[PDB]
Amino acid sequence: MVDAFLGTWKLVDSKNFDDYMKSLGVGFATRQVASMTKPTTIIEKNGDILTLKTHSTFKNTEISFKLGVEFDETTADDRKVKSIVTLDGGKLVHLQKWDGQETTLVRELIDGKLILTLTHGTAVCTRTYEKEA
Ligand SMILES: CCCCCCCC/C=C\CCCCCCCC(=O)O
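Quick look at the structure:
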């Protein structure tokens, strides 16, 4: 189930993240810095409680959740959202809802890489992470 996602991952490719940030209303100065930032994502579990840390030189976040159980979240860009993370088609699917808006953060493993697809509005961003050697 979730075990192949666990570990420490580093960003190695980003496509359309600016589109995604712009769609969310992120200001230009934050987008500028974010476009040059390479986060480390750490995914850990304790039982069915997962913890997902995103660390960087700019912003840091951490969430803990039970798979399939809604949780409150405050995102890196300061949105207060209602979230749920599940496993779907082998993908770790994180849905955020706020003010009637939806975004998904979908993680999948392809050839050992973790591919994070971020969708909001029409914007679709694909970011690739590799396991810390
Ligand atoms: C915590 C570091 C996140 C990446 C740099 C800061 C981005 C700030 C602006 C928009 C946040 C959008 C929602 C979170 C995107 C996470 C991307 C990722 O995990 O690679």
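Throughout the sequence shown, residue numbering follows the entry's author numbering, covering 0 to 132 in sequence. Cβ atoms here follow ideal geometry from the backbone N, Cα and C, with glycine treated the same way.
For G6, the pairing in a beta bridge is given by DSSP as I42.
Note: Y128 is bridge-paired with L10 and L113 in the DSSP secondary-structure output. Residue environment analysis places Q31 among the exposed positions, since fewer than 16 neighbouring C-beta atoms fall within 10 angstroms of its C-beta.
Between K9 and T125, the C-beta spacing is not below 7 angstroms.
By the Cβ neighbour-count rule, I42 is buried, with 16 or more other Cβ atoms within 10 Å of its own. Between the C-alpha atoms of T121 and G46 there is a straight-line separation of about 36 angstroms.
In this structure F27 is exposed. Its beta-carbon is surrounded by fewer than 16 other beta-carbon atoms within 10 angstroms.
Spanning the alpha carbons of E131 and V105 requires a straight line of approximately 20 angstroms. Not one heavy atom of ligand 1 is found less than 6 angstroms from the C-beta of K90.
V11 has its CB no nearer than 6 angstroms to any heavy atom of ligand 1.
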